[PDB]
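The file target.csv comes next; it holds CSV, C-alpha atoms and all ligand atoms.
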chain,number,residue,atom,x,y,z
A,1,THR,CA,-38.5,-21.6,-96.7
A,2,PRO,CA,-35.6,-23.0,-98.8
A,3,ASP,CA,-33.3,-21.5,-96.1
A,4,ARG,CA,-35.0,-24.0,-93.7
A,5,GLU,CA,-34.6,-27.0,-96.1
A,6,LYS,CA,-30.8,-26.2,-96.3
A,7,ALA,CA,-30.5,-26.2,-92.5
A,8,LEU,CA,-32.5,-29.4,-92.1
A,9,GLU,CA,-30.4,-31.3,-94.7
A,10,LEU,CA,-27.2,-29.9,-93.1
A,11,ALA,CA,-28.4,-30.9,-89.6
A,12,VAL,CA,-29.3,-34.4,-90.9
A,13,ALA,CA,-25.8,-34.7,-92.5
A,14,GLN,CA,-24.0,-33.7,-89.3
A,15,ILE,CA,-26.1,-36.2,-87.4
A,16,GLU,CA,-25.5,-38.8,-90.1
A,17,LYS,CA,-21.8,-38.0,-90.0
A,18,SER,CA,-21.5,-37.9,-86.2
A,19,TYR,CA,-23.5,-41.0,-85.2
A,20,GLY,CA,-23.7,-43.0,-88.5
A,21,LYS,CA,-26.1,-43.5,-91.3
A,22,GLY,CA,-29.7,-44.4,-90.1
A,23,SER,CA,-29.2,-42.1,-87.0
A,24,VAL,CA,-32.2,-40.1,-88.3
A,25,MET,CA,-34.6,-41.0,-91.2
A,26,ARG,CA,-37.9,-39.8,-92.6
A,27,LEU,CA,-40.4,-42.7,-92.4
A,28,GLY,CA,-41.3,-42.3,-96.1
A,29,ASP,CA,-37.6,-42.5,-97.2
A,30,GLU,CA,-36.4,-45.2,-99.5
A,31,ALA,CA,-33.8,-47.5,-98.1
A,32,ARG,CA,-30.1,-47.5,-99.1
A,33,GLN,CA,-29.6,-51.0,-100.5
A,34,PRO,CA,-26.6,-53.0,-99.3
A,35,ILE,CA,-24.5,-55.2,-101.5
A,36,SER,CA,-25.5,-58.4,-99.6
A,37,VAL,CA,-28.2,-59.2,-97.0
A,38,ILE,CA,-29.6,-62.4,-95.5
A,39,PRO,CA,-33.1,-63.0,-96.8
A,40,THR,CA,-35.7,-64.1,-94.3
A,41,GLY,CA,-37.8,-66.7,-96.1
A,42,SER,CA,-40.8,-64.3,-96.7
A,43,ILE,CA,-40.6,-61.6,-99.3
A,44,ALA,CA,-43.1,-59.7,-97.1
A,45,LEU,CA,-40.7,-59.5,-94.2
A,46,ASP,CA,-37.8,-58.8,-96.6
A,47,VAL,CA,-39.8,-55.8,-97.8
A,48,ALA,CA,-40.7,-54.7,-94.3
A,49,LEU,CA,-37.0,-54.6,-93.5
A,50,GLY,CA,-36.5,-52.3,-96.5
A,51,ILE,CA,-33.2,-53.8,-97.5
A,52,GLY,CA,-34.5,-57.2,-98.6
A,53,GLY,CA,-33.3,-59.2,-95.6
A,54,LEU,CA,-31.2,-58.9,-92.4
A,55,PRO,CA,-28.1,-56.8,-92.4
A,56,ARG,CA,-24.6,-58.2,-92.4
A,57,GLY,CA,-22.2,-57.3,-89.6
A,58,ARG,CA,-24.9,-56.4,-87.1
A,59,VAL,CA,-26.8,-57.4,-84.0
A,60,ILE,CA,-30.4,-58.6,-84.6
A,61,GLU,CA,-33.0,-59.2,-81.9
A,62,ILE,CA,-35.9,-61.4,-82.6
A,63,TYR,CA,-38.4,-61.7,-79.8
A,64,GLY,CA,-41.9,-62.9,-79.0
A,65,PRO,CA,-43.8,-65.3,-76.8
A,66,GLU,CA,-43.5,-69.0,-76.6
A,67,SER,CA,-44.7,-70.5,-79.9
A,68,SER,CA,-44.5,-67.2,-81.8
A,69,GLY,CA,-42.4,-68.4,-84.7
A,70,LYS,CA,-39.4,-66.4,-83.7
A,71,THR,CA,-37.0,-69.4,-83.9
A,72,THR,CA,-38.4,-70.4,-87.3
A,73,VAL,CA,-37.5,-67.0,-88.6
A,74,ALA,CA,-33.9,-67.3,-87.3
A,75,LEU,CA,-33.6,-70.7,-88.8
A,76,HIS,CA,-34.7,-69.4,-92.2
A,77,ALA,CA,-32.0,-66.8,-91.9
A,78,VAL,CA,-29.5,-69.6,-91.2
A,79,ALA,CA,-30.7,-71.6,-94.2
A,80,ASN,CA,-30.3,-68.7,-96.6
A,81,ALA,CA,-26.9,-67.7,-95.2
A,82,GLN,CA,-25.8,-71.3,-95.9
A,83,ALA,CA,-27.5,-71.6,-99.3
A,84,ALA,CA,-25.4,-68.6,-100.4
A,85,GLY,CA,-22.2,-70.5,-99.3
A,86,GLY,CA,-22.0,-69.2,-95.7
A,87,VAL,CA,-21.1,-70.9,-92.4
A,88,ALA,CA,-23.5,-70.8,-89.5
A,89,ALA,CA,-23.3,-71.4,-85.8
A,90,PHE,CA,-26.0,-71.9,-83.2
A,91,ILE,CA,-25.3,-71.1,-79.5
A,92,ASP,CA,-27.9,-73.0,-77.6
A,93,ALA,CA,-28.7,-72.6,-73.9
A,94,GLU,CA,-32.3,-73.7,-74.4
A,95,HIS,CA,-31.8,-77.3,-75.7
A,96,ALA,CA,-35.0,-77.1,-77.7
A,97,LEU,CA,-33.8,-77.2,-81.3
A,98,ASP,CA,-35.5,-79.7,-83.7
A,99,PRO,CA,-33.0,-80.5,-86.5
A,100,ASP,CA,-35.6,-82.4,-88.6
A,101,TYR,CA,-37.7,-79.4,-88.8
A,102,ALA,CA,-34.7,-77.3,-89.4
A,103,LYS,CA,-33.6,-79.5,-92.3
A,104,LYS,CA,-37.1,-79.5,-93.8
A,105,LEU,CA,-37.1,-75.7,-94.0
A,106,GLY,CA,-33.7,-75.6,-95.6
A,107,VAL,CA,-30.9,-75.7,-92.9
A,108,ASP,CA,-27.8,-77.8,-93.7
A,109,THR,CA,-27.8,-79.3,-90.2
A,110,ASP,CA,-24.7,-81.4,-90.9
A,111,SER,CA,-22.6,-78.2,-91.5
A,112,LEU,CA,-24.2,-76.3,-88.6
A,113,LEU,CA,-21.9,-75.5,-85.8
A,114,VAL,CA,-23.6,-75.9,-82.4
A,115,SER,CA,-22.3,-75.1,-78.9
A,116,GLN,CA,-24.2,-75.9,-75.7
A,117,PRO,CA,-22.4,-73.7,-73.3
A,118,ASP,CA,-21.9,-74.1,-69.5
A,119,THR,CA,-22.6,-70.5,-68.7
A,120,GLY,CA,-23.9,-67.2,-70.0
A,121,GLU,CA,-20.4,-65.7,-70.3
A,122,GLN,CA,-19.1,-68.9,-71.9
A,123,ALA,CA,-21.9,-68.6,-74.5
A,124,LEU,CA,-21.0,-65.1,-75.4
A,125,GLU,CA,-17.2,-65.7,-75.4
A,126,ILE,CA,-17.7,-68.7,-77.7
A,127,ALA,CA,-19.8,-66.5,-79.9
A,128,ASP,CA,-17.0,-63.9,-79.8
A,129,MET,CA,-14.2,-66.3,-80.7
A,130,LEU,CA,-16.3,-67.6,-83.6
A,131,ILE,CA,-17.0,-64.1,-84.8
A,132,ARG,CA,-13.4,-63.0,-84.7
A,133,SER,CA,-12.4,-65.9,-86.9
A,134,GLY,CA,-13.9,-64.1,-89.8
A,135,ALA,CA,-15.3,-67.5,-91.0
A,136,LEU,CA,-19.0,-67.1,-90.0
A,137,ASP,CA,-21.8,-65.5,-92.0
A,138,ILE,CA,-24.2,-65.9,-89.1
A,139,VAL,CA,-24.4,-66.9,-85.4
A,140,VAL,CA,-27.7,-67.4,-83.6
A,141,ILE,CA,-28.0,-67.2,-79.8
A,142,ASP,CA,-30.9,-69.2,-78.3
A,143,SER,CA,-31.7,-67.5,-75.9
A,144,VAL,CA,-31.1,-64.3,-74.0
A,145,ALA,CA,-33.0,-65.5,-70.9
A,146,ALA,CA,-30.9,-68.6,-70.7
A,147,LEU,CA,-27.6,-66.8,-70.6
A,148,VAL,CA,-27.2,-67.4,-66.8
A,149,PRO,CA,-24.1,-65.9,-65.1
A,150,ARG,CA,-21.4,-68.3,-63.8
A,151,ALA,CA,-21.8,-66.9,-60.2
A,152,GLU,CA,-25.6,-67.6,-60.1
A,153,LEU,CA,-25.0,-71.1,-61.6
A,154,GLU,CA,-22.4,-71.7,-58.8
A,155,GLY,CA,-24.8,-70.5,-56.2
A,156,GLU,CA,-23.3,-67.2,-55.1
A,157,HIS,CA,-25.8,-60.1,-56.1
A,158,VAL,CA,-28.6,-60.4,-58.8
A,159,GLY,CA,-28.8,-57.8,-61.6
A,160,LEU,CA,-25.4,-58.9,-63.1
A,161,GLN,CA,-26.8,-60.8,-66.1
A,162,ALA,CA,-27.8,-57.4,-67.6
A,163,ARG,CA,-24.2,-56.3,-66.9
A,164,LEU,CA,-22.9,-59.5,-68.6
A,165,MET,CA,-24.9,-58.7,-71.7
A,166,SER,CA,-23.7,-55.0,-71.8
A,167,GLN,CA,-20.0,-55.8,-71.6
A,168,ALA,CA,-20.2,-58.7,-74.1
A,169,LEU,CA,-22.2,-56.6,-76.6
A,170,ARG,CA,-19.7,-53.8,-76.3
A,171,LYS,CA,-16.9,-56.3,-77.4
A,172,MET,CA,-19.1,-58.2,-79.8
A,173,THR,CA,-20.3,-55.2,-81.9
A,174,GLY,CA,-16.8,-54.3,-83.0
A,175,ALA,CA,-16.1,-57.9,-84.0
A,176,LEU,CA,-19.3,-58.2,-86.0
A,177,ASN,CA,-18.8,-55.0,-88.0
A,178,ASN,CA,-15.2,-56.0,-88.8
A,179,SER,CA,-16.2,-59.6,-89.8
A,180,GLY,CA,-19.4,-59.0,-91.6
A,181,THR,CA,-21.0,-61.7,-89.4
A,182,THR,CA,-24.7,-61.3,-88.5
A,183,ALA,CA,-25.6,-62.2,-84.9
A,184,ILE,CA,-29.2,-63.0,-84.0
A,185,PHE,CA,-30.3,-63.0,-80.4
A,186,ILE,CA,-33.6,-64.8,-79.8
A,187,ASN,CA,-35.5,-63.4,-76.8
A,188,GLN,CA,-38.7,-64.8,-75.2
A,189,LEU,CA,-41.3,-62.5,-73.6
A,190,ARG,CA,-42.0,-63.9,-70.1
A,191,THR,CA,-34.0,-61.2,-69.6
A,192,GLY,CA,-30.8,-59.1,-70.2
A,193,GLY,CA,-32.5,-57.5,-73.2
A,194,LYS,CA,-32.1,-53.9,-71.9
A,195,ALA,CA,-28.7,-53.5,-73.5
A,196,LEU,CA,-29.6,-55.6,-76.6
A,197,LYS,CA,-32.4,-53.1,-77.3
A,198,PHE,CA,-29.8,-50.3,-78.0
A,199,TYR,CA,-27.0,-52.3,-79.5
A,200,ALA,CA,-29.3,-54.1,-82.0
A,201,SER,CA,-29.6,-52.6,-85.5
A,202,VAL,CA,-32.8,-54.5,-86.1
A,203,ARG,CA,-35.4,-55.7,-83.6
A,204,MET,CA,-38.3,-57.9,-84.7
A,205,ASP,CA,-41.5,-58.6,-82.7
A,206,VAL,CA,-43.0,-61.9,-83.8
A,207,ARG,CA,-46.5,-63.2,-82.9
A,208,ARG,CA,-49.0,-65.9,-83.9
A,209,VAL,CA,-52.1,-64.2,-85.3
A,210,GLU,CA,-54.4,-67.1,-86.2
A,211,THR,CA,-54.2,-70.8,-86.9
A,212,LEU,CA,-54.6,-72.0,-90.5
A,213,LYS,CA,-57.2,-74.8,-91.0
A,214,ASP,CA,-57.3,-77.7,-93.3
A,215,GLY,CA,-60.9,-78.6,-93.1
A,216,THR,CA,-60.9,-79.3,-89.3
A,217,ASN,CA,-57.1,-80.1,-88.8
A,218,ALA,CA,-54.5,-77.4,-88.1
A,219,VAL,CA,-51.7,-77.0,-90.7
A,220,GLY,CA,-49.8,-73.9,-89.5
A,221,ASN,CA,-50.2,-70.3,-88.2
A,222,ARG,CA,-50.5,-66.9,-89.8
A,223,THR,CA,-47.5,-65.0,-88.3
A,224,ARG,CA,-47.1,-61.3,-87.8
A,225,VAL,CA,-43.7,-59.5,-87.5
A,226,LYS,CA,-43.3,-55.9,-86.7
A,227,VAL,CA,-39.8,-54.3,-87.2
A,228,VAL,CA,-39.9,-52.2,-84.1
A,229,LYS,CA,-36.3,-51.0,-84.6
A,230,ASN,CA,-34.4,-50.6,-87.8
A,231,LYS,CA,-31.2,-48.6,-88.3
A,232,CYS,CA,-30.9,-49.7,-92.0
A,233,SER,CA,-34.2,-48.5,-93.2
A,234,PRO,CA,-37.4,-46.8,-91.9
A,235,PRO,CA,-38.7,-48.7,-88.8
A,236,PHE,CA,-42.2,-49.7,-87.7
A,237,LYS,CA,-43.1,-51.7,-90.8
A,238,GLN,CA,-44.9,-55.0,-90.4
A,239,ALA,CA,-45.4,-58.2,-92.4
A,240,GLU,CA,-47.5,-61.3,-92.3
A,241,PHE,CA,-46.7,-64.7,-93.7
A,242,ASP,CA,-47.5,-68.3,-93.0
A,243,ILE,CA,-45.6,-70.9,-90.9
A,244,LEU,CA,-46.8,-74.3,-92.1
A,245,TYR,CA,-46.4,-77.1,-89.6
A,246,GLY,CA,-43.5,-79.4,-90.4
A,247,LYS,CA,-42.4,-77.0,-93.3
A,248,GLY,CA,-41.7,-73.5,-92.1
A,249,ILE,CA,-42.3,-70.1,-93.7
A,250,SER,CA,-44.4,-70.5,-96.9
A,251,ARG,CA,-42.2,-68.6,-99.4
A,252,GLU,CA,-44.8,-69.2,-102.1
A,253,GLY,CA,-47.7,-67.9,-100.0
A,254,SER,CA,-45.7,-64.7,-99.4
A,255,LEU,CA,-44.9,-64.3,-103.1
A,256,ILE,CA,-48.7,-64.4,-103.7
A,257,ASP,CA,-49.5,-61.9,-100.9
A,258,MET,CA,-46.9,-59.3,-102.1
A,259,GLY,CA,-47.8,-60.2,-105.7
A,260,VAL,CA,-51.4,-59.0,-105.1
A,261,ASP,CA,-50.3,-56.2,-102.9
A,262,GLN,CA,-48.1,-54.9,-105.7
A,263,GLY,CA,-50.7,-55.4,-108.4
A,264,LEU,CA,-48.4,-57.9,-110.2
A,265,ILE,CA,-50.9,-60.7,-109.4
A,266,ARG,CA,-54.5,-59.8,-110.2
A,267,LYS,CA,-57.7,-61.3,-108.8
A,268,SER,CA,-60.7,-62.4,-110.9
A,269,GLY,CA,-62.9,-64.0,-108.3
A,270,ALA,CA,-61.2,-66.6,-106.1
A,271,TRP,CA,-58.8,-67.0,-109.1
A,272,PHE,CA,-55.3,-65.5,-108.8
A,273,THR,CA,-53.8,-64.6,-112.1
A,274,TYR,CA,-50.4,-63.6,-113.4
A,275,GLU,CA,-50.0,-62.0,-116.8
A,276,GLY,CA,-53.3,-63.3,-118.1
A,277,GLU,CA,-52.2,-66.8,-117.1
A,278,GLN,CA,-54.0,-68.4,-114.1
A,279,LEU,CA,-52.2,-69.5,-110.9
A,280,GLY,CA,-55.0,-71.1,-109.0
A,281,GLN,CA,-58.4,-71.0,-107.6
A,282,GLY,CA,-58.1,-70.1,-103.9
A,283,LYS,CA,-54.8,-69.4,-102.1
A,284,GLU,CA,-53.6,-73.1,-101.6
A,285,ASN,CA,-53.9,-73.9,-105.3
A,286,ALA,CA,-52.0,-70.7,-106.2
A,287,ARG,CA,-49.5,-71.5,-103.5
A,288,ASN,CA,-49.2,-75.1,-104.7
A,289,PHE,CA,-48.8,-74.0,-108.3
A,290,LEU,CA,-45.8,-71.9,-107.3
A,291,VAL,CA,-44.1,-74.8,-105.6
A,292,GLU,CA,-44.7,-77.1,-108.6
A,293,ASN,CA,-43.5,-74.3,-110.8
A,294,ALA,CA,-40.3,-72.9,-109.3
A,295,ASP,CA,-39.7,-71.0,-112.6
A,296,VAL,CA,-42.8,-68.8,-112.2
A,297,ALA,CA,-42.1,-68.3,-108.5
A,298,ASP,CA,-38.7,-66.9,-109.3
A,299,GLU,CA,-40.2,-64.7,-112.1
A,300,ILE,CA,-42.8,-63.3,-109.7
A,301,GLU,CA,-40.1,-62.8,-107.0
A,302,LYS,CA,-37.8,-61.1,-109.5
A,303,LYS,CA,-40.7,-58.8,-110.5
A,304,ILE,CA,-41.6,-57.8,-106.9
A,305,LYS,CA,-38.0,-57.1,-106.1
A,306,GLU,CA,-37.4,-54.8,-109.1
A,307,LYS,CA,-40.7,-52.9,-108.7
A,308,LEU,CA,-39.3,-51.5,-105.4
A,309,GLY,CA,-35.9,-51.2,-103.6
A,310,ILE,CA,-34.5,-54.7,-104.3
B,401,NA,NA,-38.8,-64.8,-101.1
B,402,NA,NA,-37.0,-75.6,-83.6

The structure in this file should be written as structure tokens.
Amino acid sequence: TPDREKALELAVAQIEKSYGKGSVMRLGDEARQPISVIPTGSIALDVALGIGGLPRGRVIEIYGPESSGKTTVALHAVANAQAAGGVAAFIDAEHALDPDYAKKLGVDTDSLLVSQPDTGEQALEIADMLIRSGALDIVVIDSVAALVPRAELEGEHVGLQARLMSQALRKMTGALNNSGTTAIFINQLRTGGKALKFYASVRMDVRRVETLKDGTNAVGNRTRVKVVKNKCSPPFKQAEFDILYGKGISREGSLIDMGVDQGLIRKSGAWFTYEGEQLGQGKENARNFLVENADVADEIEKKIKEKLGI
């Protein structure tokens, strides 16, 4: 009945109006495209997110096991934020960051603000002070599990780390929306992530699928991300891409994947082709061709982005 379709639209609008856009969506809907987003380093993930990258002014959670690639994803977001003229901060309670690797994948490490805080509440308060400044495009918190309460650190009952996260996130969400700063919480499956799950606008589950071989020597991992929560665009999408040892997320490899997925790149044998021109025989050659030829990589990227959302 058309009388039903009127009441459904109405119901959706009341919901949308009462609790915000993205409060309900059809999974087949097209995404409303924001003015600016933070790209992820893989076009595949950017498409999975619907809006071409991470949202501004929101809480993001990126989680996965040890050696999943979750930190690499956050660092690519940092690099892109910086490359577009943004300021980045990294709140580090893990003490694991490798800046040489970060630099190689595109982070301006010299300009990166880093804090290594004494306690969980100090970490979040420093994040909060930085956010309220209005000067940051992105702040990354590594990691949730390491945000240990002052009382526990001073040797004084348990369950209060979750409460620490809840209160802080309540305060922080306001500051982020007002500032336009994106906050990424890295979380490791082994946490005060009960509250983060509801405050987050985007949640990404990151895993290693398989190791990429160079003859008999390892040169990276195929990486899978599922967007398990997404308030900006239909959730539950997933992407794969490559993380190459020493280099990070292969942008060019991902352009190829989505190129062929979208029919923009055709396949005649092991040869990948683009507009009757040949890219390479086998993935690595095609990948390599795109790094040597930045111009065709941008062209392919441009064409994937226009063919859908953005
Ligand atoms: Na890309
Ligand atoms: Na690292």

Within 9 Å of residue 207 in chain A, counting only C-alpha atoms, which residues show up once you throw out same-chain ones fewer than 4 positions away? Write them as a list in words, please.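 Non-adjacent residues within range: residues 63, 64, 65, 67, 68, 69, 70, 222, 223, 224, 225 and 226 of chain A.
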
Could you jot down the CA of residue 165 in chain A to CA of residue 199 in chain A separation for me, Å, one decimal place? 10.3 Å

List as JSON lines every residue of range 49-81 of chain A that is in contact with range 102-111 of chain A, defined as an atom at most 8 Å from one of its atoms (using only C-alpha atoms), together with the nearest atom pair and the distance in Å rounded to one decimal, sorted by chain and then rising number.
{"residue": "A:75", "atom": "CA", "partner": "A:102", "partner_atom": "CA", "distance": 6.7}
{"residue": "A:76", "atom": "CA", "partner": "A:105", "partner_atom": "CA", "distance": 7.0}
{"residue": "A:78", "atom": "CA", "partner": "A:107", "partner_atom": "CA", "distance": 6.5}
{"residue": "A:79", "atom": "CA", "partner": "A:107", "partner_atom": "CA", "distance": 4.3}
{"residue": "A:80", "atom": "CA", "partner": "A:106", "partner_atom": "CA", "distance": 7.8}

Pairwise distance for CA of residue 163 in chain A and CA of residue 147 in chain A, rounded to one decimal in Å: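 Computing it gives 11.6 Å between the two atoms.
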
Please identify the residues whose atoms come within 10 Å of ligand NA 401 (chain B), using only C-alpha atoms and all ligand atoms, and report them as a ChimeraX atom specification. /A:39-47,52-53,249-255,258,297-298,300-302,304-305

Serialized selection, C-alpha atoms, as an mmCIF file, in the coordinates of the input:
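Output file result.cif is given in full below:
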data_model
loop_
_atom_site.group_PDB
_atom_site.id
_atom_site.type_symbol
_atom_site.label_atom_id
_atom_site.label_comp_id
_atom_site.auth_asym_id
_atom_site.auth_seq_id
_atom_site.Cartn_x
_atom_site.Cartn_y
_atom_site.Cartn_z
ATOM 1 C CA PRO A 39 -33.100 -63.000 -96.800
ATOM 2 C CA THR A 40 -35.700 -64.100 -94.300
ATOM 3 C CA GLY A 41 -37.800 -66.700 -96.100
ATOM 4 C CA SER A 42 -40.800 -64.300 -96.700
ATOM 5 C CA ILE A 43 -40.600 -61.600 -99.300
ATOM 6 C CA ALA A 44 -43.100 -59.700 -97.100
ATOM 7 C CA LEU A 45 -40.700 -59.500 -94.200
ATOM 8 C CA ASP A 46 -37.800 -58.800 -96.600
ATOM 9 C CA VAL A 47 -39.800 -55.800 -97.800
ATOM 10 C CA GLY A 52 -34.500 -57.200 -98.600
ATOM 11 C CA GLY A 53 -33.300 -59.200 -95.600
ATOM 12 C CA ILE A 249 -42.300 -70.100 -93.700
ATOM 13 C CA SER A 250 -44.400 -70.500 -96.900
ATOM 14 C CA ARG A 251 -42.200 -68.600 -99.400
ATOM 15 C CA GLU A 252 -44.800 -69.200 -102.100
ATOM 16 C CA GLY A 253 -47.700 -67.900 -100.000
ATOM 17 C CA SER A 254 -45.700 -64.700 -99.400
ATOM 18 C CA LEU A 255 -44.900 -64.300 -103.100
ATOM 19 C CA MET A 258 -46.900 -59.300 -102.100
ATOM 20 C CA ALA A 297 -42.100 -68.300 -108.500
ATOM 21 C CA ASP A 298 -38.700 -66.900 -109.300
ATOM 22 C CA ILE A 300 -42.800 -63.300 -109.700
ATOM 23 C CA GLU A 301 -40.100 -62.800 -107.000
ATOM 24 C CA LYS A 302 -37.800 -61.100 -109.500
ATOM 25 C CA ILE A 304 -41.600 -57.800 -106.900
ATOM 26 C CA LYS A 305 -38.000 -57.100 -106.100
#

List every protein, DNA or RNA residue that has an atom no more than 9 Å from (-46.8, -70.5, -91.1) in the file's coordinate frame, counting only C-alpha atoms, and report them as number ranges by chain. A: 69, 208, 211-212, 219-223, 241-245, 247-250

Give the answer as one residue: which of A:121, A:84, A:142, A:28 has the shortest atom-to-atom distance to ligand NA 402 (chain B), using only C-alpha atoms and all ligand atoms?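 Going through A:121, A:84, A:142, A:28 one by one, the smallest distance to ligand NA 402 (chain B) is for A:142.
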
Return as number ranges by chain every polymer residue, whether protein, DNA or RNA, with at least one atom no more than 8 Å from an atom of ligand NA 402 (chain B); count only C-alpha atoms and all ligand atoms. A: 71-72, 75, 96-99, 101-102

What does the distance from CA of residue 133 in chain A to CA of residue 179 in chain A come to in Å, to one decimal? 7.9 Å

Looking at only C-alpha atoms, which of A:38, A:238, A:306, A:166 is the one that sits closest to residue 57 in chain A?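 Closest residue, counting only C-alpha atoms: A:38.
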
With a distance cut-off of 10 Å and only C-alpha atoms, select the neighbouring residues of residue 308 in chain A, excluding the residue or stretch itself and same-chain residues fewer than 6 positions from it, and output the selection as an MDAnalysis selection string. chainID A and resid 30:31 47 50 262

Could you list, as number ranges by chain, every residue within 12 Å of residue 192 in chain A, counting all atoms listed in the file and ignoring same-chain residues fewer than 3 positions away? A: 61, 120, 143-149, 158-169, 185-189, 195-198
